[PDB]
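One protein chain, two forms: both are listed below as structure tokens, the first as structure 1 and the second as structure 2.
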Structure 1
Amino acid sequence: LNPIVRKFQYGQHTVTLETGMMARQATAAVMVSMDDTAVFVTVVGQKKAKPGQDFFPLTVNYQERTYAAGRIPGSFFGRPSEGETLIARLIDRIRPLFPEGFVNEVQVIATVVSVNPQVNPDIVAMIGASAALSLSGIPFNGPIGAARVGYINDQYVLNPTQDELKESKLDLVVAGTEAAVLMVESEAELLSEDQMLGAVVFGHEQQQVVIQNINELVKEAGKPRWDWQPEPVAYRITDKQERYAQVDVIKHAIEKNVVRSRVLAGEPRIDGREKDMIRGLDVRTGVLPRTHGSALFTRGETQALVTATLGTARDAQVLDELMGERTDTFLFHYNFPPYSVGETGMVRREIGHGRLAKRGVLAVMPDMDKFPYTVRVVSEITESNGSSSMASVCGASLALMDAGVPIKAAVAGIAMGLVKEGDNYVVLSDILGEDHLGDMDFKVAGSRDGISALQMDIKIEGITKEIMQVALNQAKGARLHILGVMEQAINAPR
């Protein structure tokens, strides 16, 4: 047996890339260690695809073994936990790098086998997944880097530890290729637009050492490239329920292109709006009798019914996590029933949308010194047509004020889209479920003073920081418009 080991300095720590010894039957297997935090990541891609497979099947499995921290599992935790699904989501969000037409089934399995309580295994697993896909031979336009950005003493900190974080005003996670940023997931204490954008650029520049070191391992121990080639080559309908039913022609690529051009040229959108227009808002407070705090927020065809519950300090959820024991005082829940889009089925991505809406509200939540009560917020999505997660942020803010929770300020969220081909681009405000037919979509949540949460999902090459500068500026004026309408129905708690 022969192990190929390559080491490098990523920020403060030393990252070890190991392959060729363990799990050889898989397409590629990489042992990535970052100061004693080791995550074993594997990748398997099937040679022949199922004849007439309509979509690209990608599954990312992230699992935390408790023996990594030197502890024996308890009578309690088959099914993955809430946190494990979120980190598997952070990895998956590598998906748009597979070439268009690639339909082979591919599974990425990342297991935490050793852990340091100060080094978060989520970045380690993302580096391992990037190394596995690049060494595999499977058509993949990487490798990507993985970076966590902090903000201590008005300066950006690369990969802050759990102790450093406590002093940080930002918990940003950024992933992207050598050319452009692809994934961003941020949590912030009401920071400005430039401070959030500065962290995205900073993290993308610092993660370049990860991409270079994987590329060298690829040239040294990488398997040959796959023998795969791609196969050679409703206007006035505003209501989503009425549009989708009459669009079912007996007889997708043309459906994108027609909407694409009718926004690039600069004419009315699908529903009939200008590029920076927000849908009709309906705000209601105190809608359910026998609850503490309740709120109904409606934005065009997207609606969320949100509630708040006050409990004692003993009602706090004690989460036994791998990194350490953690007591959660603020709880957030997200429900997405099939009737929200007019469908029948099982009573998705609820964990991802729930945490995103939680991060948009967490920054404005009061201290345990001023408010020593366990607060739980549940969002019920009654209607969905564009970003029900940001509607939960608005609904939570009104529900907390209805309950009597003295939050620092009012908080709102907004979804933004972007269409680009040449030098000309258009940033759209309050996008419809427009989301599929685009280049990038990003959600900004924050108060009147700053930003609490920022999520980005880019799929196009060559987005400049000047284009994102303008994109966040329109997003700022978008949420200020929502907060102005919110400020009228409910302004103060109790």
Structure 2
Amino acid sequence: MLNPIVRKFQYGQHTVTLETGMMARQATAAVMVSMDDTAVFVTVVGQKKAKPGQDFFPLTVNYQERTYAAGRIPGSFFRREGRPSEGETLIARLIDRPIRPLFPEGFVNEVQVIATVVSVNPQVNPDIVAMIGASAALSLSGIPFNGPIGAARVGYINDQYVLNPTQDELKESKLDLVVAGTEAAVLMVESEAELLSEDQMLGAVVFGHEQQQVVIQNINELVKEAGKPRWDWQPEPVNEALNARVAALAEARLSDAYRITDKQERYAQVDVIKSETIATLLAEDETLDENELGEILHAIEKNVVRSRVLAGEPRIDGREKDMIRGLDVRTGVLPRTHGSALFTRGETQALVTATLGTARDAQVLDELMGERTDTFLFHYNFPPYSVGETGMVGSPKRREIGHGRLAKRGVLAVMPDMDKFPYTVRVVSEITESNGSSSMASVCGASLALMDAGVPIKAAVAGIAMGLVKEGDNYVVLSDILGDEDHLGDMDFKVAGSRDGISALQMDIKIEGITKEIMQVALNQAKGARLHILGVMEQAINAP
């Protein structure tokens, strides 16, 4: 006979129900999570064996909304749910982003998380529910995972923070923020705001992190009851002798390579060093693992860059910790477009256009929580030539959908309403060059393109990405990070807004133990950065 294991708990003004043990017993773990009539069925499958020559962690999160959850039959020609919509892709990223860094370094077994919305209360958003589901399922599975995580939406009504506000309550909110993290630290923040201050945005992150602790505690109590035994998994043992042989051939060369400021040169040299080092070690011993040599070489790169940041030495491009790269701002670059702009920050460049249209042109979104028409469209394209590569030119990638939405949230706060400006507006950002943050270059480029098109935005809007290097209690917050400083650093911390406030805040933290003080240094240092960018933008164009 089937027996469900059920834990219920209060979370704000809602009841969260967690059920496991009777549905999908062949998955590594499966949980049915409900928050007042809104239910998501979440499963995890982790493969026991890693693939022969695997050197990257294959994690896939699939989020899918069934229309029977709302008592409706799909509006499409086939009357069936198909490829994930823009909304389903974004929520899949909301689940993926906080869980990814919690898998141990070296863990490369294939893991798949599938979340299916099976019931919906039109006042309760399934995204928070699905995130609690993924956390609970991963914690019960026994797969190496340093959770559990919680999830909380924070609003701001009457200058007071509100936990998981309903769809009706968000109409009065000056903020829509989602925060996920462990018992100890915040891992992911996604938000849009109506130009709130640095203190108001930080208080929301802290509030939501404190409120979601009841979710973490209840998953912990469910895990002690029904959790499967934790996998006997070990990282590959440290080979000190092989490290020394790689360091003897490469460290001194890689140290000089990471003082080359030009991106194209500096790789081209990094690749020569790695090729020559590996080919030399294989000439000595043909049985050596080529993947393992790449991981040791990458460990050297990381150590070279990180320790130079902590020592207070000049960064890869010669900059100091709080310097912004060179700026070039252009307006009216294309002759037949309604509004165009070319924004260049260092080796990152965005060709951004604005197009005015009519009702006809507004997007009809057949969403699960209720049909909605969209007047403001924001599309972000990242072609492979922006980083000097060749590749597919198919449909938009998940990263392109995510960054198009982030840049949209950075602009929405200053957009005129329908009474003031009764037109459909489409903004397209073409990333022509990339070396860090391209989505923040899209924010600046959009602001110039909208003004060029004569769109009466409240004020000019701009953004940057902040980085971090942290060992123990020691840390350095980096302004306007390069691609390398994002990949070898500890966070990507994006802030967008006008002169008077923050329109969007996004955090992607790759470590545990991020601190309130650190997030505040980042927010203050970010404010100075965007005021500098806005000043240059003002020189070019200051009004429609």
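Residue 1 is the first residue of structure 1, and the numbers go on in sequence order from there. Shifts are known only where both forms have a C-alpha. We call the rigid core whatever largest set of C-alpha positions still superposes within 1.5 Å between the two forms.
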With the two forms fitted on the rigid core, I'd like to know which residue in 257, 153, 327, 424 is displaced by 2 angstroms or more at its CA between structures 1 and 2. 424
Here the CA of residue 440, compared between structures 1 and 2 on the core, is shifted in angstrom by 1.7
How many Å does the Cα of residue 218 travel between structures 1 and 2 when the structures are matched on their rigid core? 0.4
Counting only residues modelled in both forms, where do runs of 3+ with a CA shift of at least 2 Å appear between structures 1 and 2, relative to the core? 74-77, 249-251, 422-424, 459-464
